């Protein structure tokens, strides 16, 4: 029934290059990508597209996380030197 896909984003630029909306209490219960900036790390990936709903980031689920906290997880996952990547479990729903 559900449809997930894992997109791994390599860090080829200084910026992530995405914009997200939603979280807990919002009309969009899960963070949804609205813009993908040209030149950014996300733009090089290609597979990541606008409208994709992010369920998990590096294994951590965004279900139940408020927009503020959801943004905190993604920003920290990009700033971190542990990985040279950022795993996203995204959906078409």
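Whichever C-alpha set is largest while still superposing within 1.5 Å between the two forms counts as the rigid core. Residue numbers count along the first chain shown, from 1.
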After core superposition, the stretch with larger RMS C-alpha deviation in 4 other deposited structures of this protein, comparing 55-63 and 24-32, is 24-32
Binned into thirds over the chain's modelled residues, the C-alpha B-factor of residue 79 lands in the highest
For residue 47, the third of its chain by CA B-factor is the middle
Residue 61: CA B-factor among chain residues, third -> middle
Sorting the chain's modelled residues by C-alpha B-factor and splitting them into thirds places residue 35 in the lowest
Residue 14: CA temperature factor from the record, placed by chain third, in the highest
